[PDB]
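Sequential numbering of the sequence shown, starting at 1, is according to the entry's author numbering.
Where is the CB? At the ideal position from N, CA and C, for every residue including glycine.
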Amino acid sequence: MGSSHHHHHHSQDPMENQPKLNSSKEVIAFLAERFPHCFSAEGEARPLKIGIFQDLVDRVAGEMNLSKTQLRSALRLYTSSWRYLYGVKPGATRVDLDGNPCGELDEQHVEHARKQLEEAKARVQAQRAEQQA
Numbered sequence: 001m002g003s004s005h006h007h008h009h010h011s012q013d014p015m016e017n018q019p020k021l022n023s024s025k026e027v028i029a030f031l032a033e034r035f036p037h038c039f040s041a042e043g044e045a046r047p048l049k050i051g052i053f054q055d056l057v058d059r060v061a062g063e064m065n066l067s068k069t070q071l072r073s074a075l076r077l078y079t080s081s082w083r084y085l086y087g088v089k090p091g092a093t094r095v096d097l098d099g100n101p102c103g104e105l106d107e108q109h110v111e112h113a114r115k116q117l118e119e120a121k122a123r124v125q126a127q128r129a130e131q132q133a
């Protein structure tokens with residue numbers, strides 16, 4: 001069974017590809033089992049891009065449980081996470097799923113992206129609680 005044979009790459013992820021993606025959340029999780037650099041699953045998120053999705057989709061998609069758009073949505077879900085934009089605006093992503101900053105940036109420029117959350121934070125702020133975990 002399975003369309004893609006010797007399909008791309010699974011790691012040694014703790015989450016594992018247990019639930020069949022479910023068209024958003026747990027596909028980050030796939031994304032992450034698949035892309036230990038790009039994605040977490042472990043984690044809330046990490047600075048990603050969005051146009052990555054397309055790249056993903058090279059790789060990701062209907063390997064298990066994706067019809068791309070039910071992945072691009074994952075790439076909405078966790079991308080609406082803050083933890084996502086703890087960098088993401090430029091190549092803050094650091095990945096087009098090989099691990100190039102969507103090849104868009106260096107890191108010393110997504111360095112400021114890395115501080116654009118300090119923009120966020122600083123906007124959010126007030127409470128002791130913000131980046132507290």
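Residues that residue 96 bridges to, as DSSP identifies them: Note: residue 96 sits in a beta bridge opposite 100.
With the cut-off set at 9 angstroms, would you say residue 95 and residue 65 are in Cβ contact? no
Could you check if residue 91 is buried or exposed, using at least 16 other CB atoms within 10 Å of its CB as the buried criterion? buried
Given this structure, state the Cα-to-Cα distance separating residue 61 from residue 107, to the nearest angstrom. 28 angstroms
Rounded to whole angstroms, what is the Cα-Cα separation between residue 75 and residue 24? 7 angstroms
Roughly how many angstroms separate the alpha carbons of residue 125 and residue 119, rounded to a whole number? 9 angstroms
I believe residue 56 touches residue 97 by the beta-carbon criterion, under 8 angstroms. Please report the beta-carbon distance rounded to the nearest angstrom. 6 angstroms
Using the rule of at least 16 other Cβ atoms within 10 Å of the residue's Cβ for burial, across every protein chain shown, is residue 93 buried or exposed? buried
Run through DSSP, which three-state label would residue 80 get? For residue 80, the secondary structure class from DSSP, reduced to helix, strand or coil, is helix.
Does the distance from the CB of residue 78 to the CB of residue 86 come in under 9 angstroms? Using a Cβ distance threshold of 9 angstroms, residue 78 and residue 86 do not count as a contacting pair.
Taking Cβ positions, are residue 122 and residue 88 nearer each other than 9 angstroms? no
Taking the CB atoms as reference points, tell me whether residue 11 and residue 33 lie closer together than 9 angstroms. Yes, the Cβ-Cβ distance between residue 11 and residue 33 is below 9 angstroms.
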